[PDB]
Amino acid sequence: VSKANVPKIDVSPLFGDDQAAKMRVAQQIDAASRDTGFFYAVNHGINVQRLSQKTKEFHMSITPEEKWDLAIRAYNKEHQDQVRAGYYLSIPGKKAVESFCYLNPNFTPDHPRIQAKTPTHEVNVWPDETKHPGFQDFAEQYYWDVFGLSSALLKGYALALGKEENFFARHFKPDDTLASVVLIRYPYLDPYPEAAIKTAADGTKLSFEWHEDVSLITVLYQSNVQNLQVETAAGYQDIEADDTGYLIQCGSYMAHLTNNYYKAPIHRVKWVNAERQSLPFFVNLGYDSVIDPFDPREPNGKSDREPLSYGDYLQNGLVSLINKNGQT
């Protein structure tokens, strides 16, 4: 197995007002998006030390009673409104991974998409504050911290594609974004149940099979345990870990709108018997957000692809990913 070229890109100019410096970042984003599809965003300004600590505290202290109380509909039939947000239970002996997903904190009973019962919109569920002191505050502030980073990254992608810097970010708004955070725990287990391990066609032992991300882009923090592989024409290649940077990749919505100029990289999660964290932020737009496709390889830049409403794209993609790679 070879190693993927995953460049470290100093993204800090994307927060600034040096427009030529932004273009140099954009070129690096362009080059990485045309190569393996992944890059590490460094000099990002987010305190990832606190993120990994608050996450470990929550995963290690939440009780089986609380997990049922917060469980999504897939694990608790009483919670029919929890399709996306809530706790995703492990199944000892069968499924090792467990996780907690939350959405836009502005999704409240006051929000018109909640009032309208629009799919993919939900009010977050939270554990008891006294049992998990500071957790909800930490989680909500992290959502907006990574929202700010993601907004800047979207400026880099827009410039990289020859557009004005707000081409994507104008659709990425705190009042309506369908973006989600998932706090994933991959446990150490002795013995590790083979029923929780999948075998790839090439024989690799996996925790999660190949897929493209359902997102515009995905902004991922992981603890320092190598596990990810990206597919290339020459086969799967290891993505090296980096527990200070954010692993950035395009989702299938970006592949659609760029006429596959920026592919959504196919990737998978190797089985590793080690305690670790995987904290993705899925950069999703608004339910009615529509981006007109274009082709940066055509002289006229014209694409025949249909503009896709993001909400319908998200609803179809999340169900499809569950059908193909299992309920997480």
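Numbering starts at 1 and follows the sequence shown.
Stretches 316-324 and 20-28 differ in mean C-alpha B factor, with the higher average recorded for 316-324.
Set 177-185 against 196-204 and average the Cα temperature factors; 196-204 ends up higher. Comparing the listed residues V225, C250, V214, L247, the entry records the largest Cα B-factor for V225. Highest C-alpha temperature factor among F282, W271, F58, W68, as the PDB entry reports it: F58. Among all modelled residues in this chain, the alpha-carbon of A234 has a temperature factor (C-alpha) in the highest third. Among the modelled residues of its chain, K163 has a C-alpha B-factor that falls in the lowest third, as given in the PDB entry. Sorting the modelled residues of the chain by their CA temperature factor places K302 in the highest third.
Ranked against the other modelled residues of its chain, the C-alpha B-factor of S52 as given in the entry falls in the middle third. Among all modelled residues in its chain, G45 ranks in the middle third by Cα B-factor.
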